[PDB]
Amino acid sequence: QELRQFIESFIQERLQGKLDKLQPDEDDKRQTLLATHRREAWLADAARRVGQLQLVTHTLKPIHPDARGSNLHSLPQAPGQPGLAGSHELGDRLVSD
DNA sequence: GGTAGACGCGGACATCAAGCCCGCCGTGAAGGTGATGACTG
């Protein structure tokens, strides 16, 4: 099981990336809490903040600024006529934002 | 207020050297989201 170093580089990499965030006036709880909950509570943050998002292929955020709606998640079908192809006959190398 | 019926050929067209430097190019506004935090009727 040599695939936990990704969890190490996700936890300690972000914890060491907070080295420029240095405030010598009021960091006396922020630095300690960041070092504590940046590793152990990071799974809790990635569980509670894993349910705000979704995979998409028909997003509506790119058509209005704050249009809170429902985005599609499935590819369109095949068009039954000859001579016009688009966002359904695209390849299997797709990427869901 | 007259038709009439025609307009040429040949030949040739310059070479040389050169084309700048210096400084500079503006600022302001154009982020949504939960998550408590304060208010609360």
# chains A, B, ... in the order shown; residues from 1 in each chain; ligands from 1

call {"tool": "closest_atom_pairs", "arguments": {"of": "chain A", "to": "chain B", "cutoff": "12 Å", "atoms": "only C-alpha atoms (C1' of nucleotides)", "output": "Markdown table"}}
result
| residue | atom | partner | partner_atom | distance |
| --- | --- | --- | --- | --- |
| A:49 | CA | B:34 | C1' | 10.6 |
| A:52 | CA | B:34 | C1' | 9.6 |
| A:53 | CA | B:33 | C1' | 11.7 |
| A:61 | CA | B:32 | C1' | 10.4 |
| A:64 | CA | B:32 | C1' | 11.8 |
| A:65 | CA | B:32 | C1' | 8.4 |
| A:66 | CA | B:32 | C1' | 7.0 |
| A:67 | CA | B:32 | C1' | 10.3 |
| A:68 | CA | B:32 | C1' | 10.1 |

call {"tool": "residues_around", "arguments": {"residues": "segment 80-92 of chain A", "least_positions_apart": "6", "cutoff": "12 Å", "atoms": "only C-alpha atoms (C1' of nucleotides)", "output": "ChimeraX atom specification"}}
result
/A:57-58,74

call {"tool": "write_last_selection", "arguments": {"atoms": "N, CA and C atoms", "output": "short mmCIF file (atom, residue, chain, number, x, y, z; two decimals), in the first residue's frame"}}
result
data_model
loop_
_atom_site.label_atom_id
_atom_site.label_comp_id
_atom_site.auth_asym_id
_atom_site.auth_seq_id
_atom_site.Cartn_x
_atom_site.Cartn_y
_atom_site.Cartn_z
N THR A 57 -22.03 18.24 -17.31
CA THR A 57 -21.79 18.38 -18.74
C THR A 57 -22.75 19.36 -19.38
N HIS A 58 -23.62 20.00 -18.60
CA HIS A 58 -24.62 20.94 -19.08
C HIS A 58 -24.76 22.11 -18.10
N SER A 74 -25.36 14.31 -17.82
CA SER A 74 -25.29 13.21 -18.77
C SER A 74 -25.11 13.74 -20.18
#

call {"tool": "atom_distance", "arguments": {"atom1": "atom CA of residue 41 of chain A", "atom2": "atom CA of residue 11 of chain A"}}
result
9.9 Å

call {"tool": "closest_residue", "arguments": {"among": "A:7, A:95, A:60, A:22", "to": "residue 75 of chain A", "atoms": "only C-alpha atoms"}}
result
A:95

call {"tool": "select_by_dssp", "arguments": {"residues": "chain A", "states": "helix (DSSP H, G or I)", "output": "JSON list (two decimals) with N, CA and C atoms, in the first residue's frame"}}
result
[["chain", "number", "residue", "atom", "x", "y", "z"],
["A", 5, "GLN", "N", 1.29, 8.43, 0.34],
["A", 5, "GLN", "CA", 2.07, 9.65, 0.17],
["A", 5, "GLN", "C", 1.32, 10.71, -0.61],
["A", 6, "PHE", "N", 0.30, 10.34, -1.39],
["A", 6, "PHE", "CA", -0.60, 11.33, -1.96],
["A", 6, "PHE", "C", -1.41, 12.04, -0.87],
["A", 7, "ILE", "N", -1.84, 11.29, 0.15],
["A", 7, "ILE", "CA", -2.51, 11.90, 1.29],
["A", 7, "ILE", "C", -1.53, 12.75, 2.09],
["A", 8, "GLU", "N", -0.27, 12.32, 2.16],
["A", 8, "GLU", "CA", 0.76, 13.12, 2.83],
["A", 8, "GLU", "C", 1.03, 14.43, 2.10],
["A", 9, "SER", "N", 1.15, 14.38, 0.77],
["A", 9, "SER", "CA", 1.38, 15.58, -0.03],
["A", 9, "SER", "C", 0.13, 16.46, -0.14],
["A", 10, "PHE", "N", -1.05, 15.91, 0.13],
["A", 10, "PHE", "CA", -2.24, 16.75, 0.20],
["A", 10, "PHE", "C", -2.37, 17.44, 1.55],
["A", 11, "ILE", "N", -1.98, 16.76, 2.64],
["A", 11, "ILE", "CA", -2.11, 17.35, 3.96],
["A", 11, "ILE", "C", -0.93, 18.26, 4.28],
["A", 12, "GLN", "N", 0.27, 17.69, 4.35],
["A", 12, "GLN", "CA", 1.45, 18.44, 4.74],
["A", 12, "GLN", "C", 1.88, 19.45, 3.68],
["A", 13, "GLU", "N", 1.54, 19.21, 2.41],
["A", 13, "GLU", "CA", 1.86, 20.18, 1.36],
["A", 13, "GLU", "C", 1.05, 21.46, 1.54],
["A", 14, "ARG", "N", -0.24, 21.34, 1.87],
["A", 14, "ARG", "CA", -1.05, 22.51, 2.15],
["A", 14, "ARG", "C", -0.70, 23.13, 3.50],
["A", 15, "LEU", "N", -0.27, 22.31, 4.47],
["A", 15, "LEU", "CA", 0.11, 22.85, 5.77],
["A", 15, "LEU", "C", 1.42, 23.63, 5.71],
["A", 16, "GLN", "N", 2.37, 23.19, 4.88],
["A", 16, "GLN", "CA", 3.60, 23.93, 4.65],
["A", 16, "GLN", "C", 3.42, 25.06, 3.65],
["A", 17, "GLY", "N", 2.40, 24.99, 2.79],
["A", 17, "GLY", "CA", 2.06, 26.11, 1.94],
["A", 17, "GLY", "C", 1.49, 27.29, 2.69],
["A", 30, "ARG", "N", -4.62, 30.65, 15.47],
["A", 30, "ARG", "CA", -4.80, 30.29, 14.07],
["A", 30, "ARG", "C", -3.71, 29.33, 13.60],
["A", 31, "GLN", "N", -2.45, 29.58, 13.99],
["A", 31, "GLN", "CA", -1.36, 28.70, 13.58],
["A", 31, "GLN", "C", -1.46, 27.32, 14.23],
["A", 32, "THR", "N", -1.81, 27.28, 15.52],
["A", 32, "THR", "CA", -1.97, 26.01, 16.23],
["A", 32, "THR", "C", -3.15, 25.22, 15.68],
["A", 33, "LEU", "N", -4.28, 25.88, 15.44],
["A", 33, "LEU", "CA", -5.44, 25.20, 14.88],
["A", 33, "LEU", "C", -5.19, 24.75, 13.45],
["A", 34, "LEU", "N", -4.41, 25.52, 12.67],
["A", 34, "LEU", "CA", -4.09, 25.11, 11.31],
["A", 34, "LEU", "C", -3.18, 23.89, 11.31],
["A", 35, "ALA", "N", -2.20, 23.84, 12.21],
["A", 35, "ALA", "CA", -1.33, 22.67, 12.30],
["A", 35, "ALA", "C", -2.07, 21.45, 12.82],
["A", 36, "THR", "N", -3.05, 21.64, 13.70],
["A", 36, "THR", "CA", -3.79, 20.51, 14.25],
["A", 36, "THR", "C", -4.83, 19.98, 13.25],
["A", 37, "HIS", "N", -5.78, 20.83, 12.85],
["A", 37, "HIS", "CA", -6.87, 20.41, 11.99],
["A", 37, "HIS", "C", -6.52, 20.40, 10.51],
["A", 42, "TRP", "N", -8.65, 17.44, 8.24],
["A", 42, "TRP", "CA", -8.73, 17.65, 6.80],
["A", 42, "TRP", "C", -9.64, 16.62, 6.14],
["A", 43, "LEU", "N", -9.66, 15.39, 6.65],
["A", 43, "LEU", "CA", -10.63, 14.41, 6.17],
["A", 43, "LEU", "C", -12.05, 14.80, 6.55],
["A", 44, "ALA", "N", -12.24, 15.43, 7.71],
["A", 44, "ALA", "CA", -13.56, 15.91, 8.10],
["A", 44, "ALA", "C", -14.01, 17.06, 7.22],
["A", 45, "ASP", "N", -13.08, 17.97, 6.88],
["A", 45, "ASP", "CA", -13.39, 19.07, 5.97],
["A", 45, "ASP", "C", -13.65, 18.57, 4.55],
["A", 46, "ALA", "N", -12.94, 17.52, 4.12],
["A", 46, "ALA", "CA", -13.15, 16.93, 2.81],
["A", 46, "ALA", "C", -14.32, 15.96, 2.78],
["A", 47, "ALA", "N", -14.92, 15.65, 3.93],
["A", 47, "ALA", "CA", -16.19, 14.95, 3.95],
["A", 47, "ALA", "C", -17.37, 15.91, 3.98],
["A", 48, "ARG", "N", -17.30, 16.94, 4.83],
["A", 48, "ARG", "CA", -18.40, 17.90, 4.93],
["A", 48, "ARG", "C", -18.44, 18.82, 3.72],
["A", 61, "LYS", "N", -24.09, 27.92, -14.91],
["A", 61, "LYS", "CA", -23.36, 29.01, -14.27],
["A", 61, "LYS", "C", -22.65, 29.85, -15.33],
["A", 62, "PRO", "N", -22.34, 29.28, -16.49],
["A", 62, "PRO", "CA", -21.65, 30.06, -17.53],
["A", 62, "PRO", "C", -22.58, 30.83, -18.45],
["A", 63, "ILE", "N", -23.83, 31.02, -18.05],
["A", 63, "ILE", "CA", -24.80, 31.75, -18.85],
["A", 63, "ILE", "C", -25.48, 32.88, -18.10]]

call {"tool": "atom_distance", "arguments": {"atom1": "atom CA of residue 55 of chain A", "atom2": "atom CA of residue 70 of chain A"}}
result
11.5 Å

call {"tool": "atom_distance", "arguments": {"atom1": "atom CA of residue 59 of chain A", "atom2": "atom CA of residue 72 of chain A"}}
result
6.3 Å

call {"tool": "decode", "arguments": {"residues": "segment 74-97 of chain A", "atoms": "N, CA, C and O atoms", "output": "short mmCIF file (atom, residue, chain, number, x, y, z; two decimals), in the first residue's frame"}}
result
data_model
loop_
_atom_site.label_atom_id
_atom_site.label_comp_id
_atom_site.auth_asym_id
_atom_site.auth_seq_id
_atom_site.Cartn_x
_atom_site.Cartn_y
_atom_site.Cartn_z
N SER A 74 -25.36 14.31 -17.82
CA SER A 74 -25.29 13.21 -18.77
C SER A 74 -25.11 13.74 -20.18
O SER A 74 -25.57 14.84 -20.51
N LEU A 75 -24.44 12.94 -21.01
CA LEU A 75 -24.16 13.35 -22.38
C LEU A 75 -25.43 13.26 -23.24
O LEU A 75 -26.30 12.42 -23.00
N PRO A 76 -25.55 14.13 -24.24
CA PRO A 76 -26.71 14.07 -25.14
C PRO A 76 -26.60 12.88 -26.08
O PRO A 76 -25.54 12.28 -26.26
N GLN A 77 -27.72 12.55 -26.72
CA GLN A 77 -27.82 11.36 -27.57
C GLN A 77 -27.20 11.58 -28.94
O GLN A 77 -26.46 12.55 -29.15
N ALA A 78 -27.47 10.67 -29.88
CA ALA A 78 -26.96 10.83 -31.24
C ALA A 78 -28.03 11.48 -32.12
O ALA A 78 -29.20 11.06 -32.06
N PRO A 79 -27.69 12.48 -32.92
CA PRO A 79 -28.69 13.09 -33.81
C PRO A 79 -28.99 12.17 -34.99
O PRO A 79 -28.07 11.67 -35.65
N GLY A 80 -30.27 11.96 -35.26
CA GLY A 80 -30.72 10.98 -36.23
C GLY A 80 -30.70 11.40 -37.69
O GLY A 80 -31.16 10.63 -38.54
N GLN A 81 -30.20 12.57 -38.01
CA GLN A 81 -30.11 13.04 -39.38
C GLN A 81 -28.66 13.05 -39.84
O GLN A 81 -27.73 12.99 -39.03
N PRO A 82 -28.42 13.09 -41.14
CA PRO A 82 -27.04 13.18 -41.63
C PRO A 82 -26.58 14.61 -41.89
O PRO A 82 -27.24 15.35 -42.62
N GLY A 83 -25.44 15.00 -41.32
CA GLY A 83 -24.80 16.26 -41.65
C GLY A 83 -24.75 17.29 -40.54
O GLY A 83 -24.65 18.49 -40.84
N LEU A 84 -24.81 16.91 -39.27
CA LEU A 84 -24.76 17.89 -38.19
C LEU A 84 -24.43 17.17 -36.89
O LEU A 84 -25.23 16.34 -36.44
N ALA A 85 -23.28 17.48 -36.30
CA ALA A 85 -22.80 16.79 -35.12
C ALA A 85 -22.25 17.82 -34.14
O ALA A 85 -21.73 18.87 -34.54
N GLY A 86 -22.34 17.50 -32.85
CA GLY A 86 -22.05 18.45 -31.80
C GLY A 86 -21.66 17.78 -30.50
O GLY A 86 -20.89 16.82 -30.49
N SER A 87 -22.21 18.26 -29.39
CA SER A 87 -21.77 17.89 -28.04
C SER A 87 -22.30 16.55 -27.56
O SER A 87 -22.28 16.30 -26.35
N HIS A 88 -22.77 15.68 -28.45
CA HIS A 88 -23.16 14.32 -28.11
C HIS A 88 -22.32 13.26 -28.78
O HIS A 88 -22.00 12.25 -28.15
N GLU A 89 -21.93 13.47 -30.04
CA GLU A 89 -21.04 12.57 -30.76
C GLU A 89 -19.57 12.89 -30.53
O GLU A 89 -18.73 12.56 -31.38
N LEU A 90 -19.24 13.54 -29.41
CA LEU A 90 -17.85 13.78 -29.05
C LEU A 90 -17.25 12.49 -28.51
O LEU A 90 -17.97 11.57 -28.12
N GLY A 91 -15.92 12.43 -28.48
CA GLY A 91 -15.22 11.21 -28.12
C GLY A 91 -15.32 10.79 -26.67
O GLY A 91 -15.95 11.47 -25.85
N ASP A 92 -14.70 9.66 -26.35
CA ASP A 92 -14.67 9.12 -24.99
C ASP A 92 -13.56 9.72 -24.14
O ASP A 92 -13.32 9.24 -23.03
N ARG A 93 -12.88 10.75 -24.65
CA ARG A 93 -11.88 11.49 -23.89
C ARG A 93 -12.46 12.75 -23.25
O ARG A 93 -11.76 13.76 -23.12
N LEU A 94 -13.73 12.71 -22.86
CA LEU A 94 -14.41 13.86 -22.30
C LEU A 94 -13.92 14.14 -20.88
O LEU A 94 -13.31 13.29 -20.22
N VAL A 95 -14.21 15.35 -20.41
CA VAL A 95 -13.81 15.80 -19.08
C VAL A 95 -14.99 16.53 -18.46
O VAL A 95 -15.46 17.53 -19.01
N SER A 96 -15.47 16.03 -17.33
CA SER A 96 -16.60 16.63 -16.63
C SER A 96 -16.06 17.69 -15.67
O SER A 96 -15.29 17.37 -14.75
N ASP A 97 -16.44 18.94 -15.88
CA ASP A 97 -16.11 20.00 -14.94
C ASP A 97 -16.92 19.84 -13.66
O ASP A 97 -17.97 19.19 -13.64
#
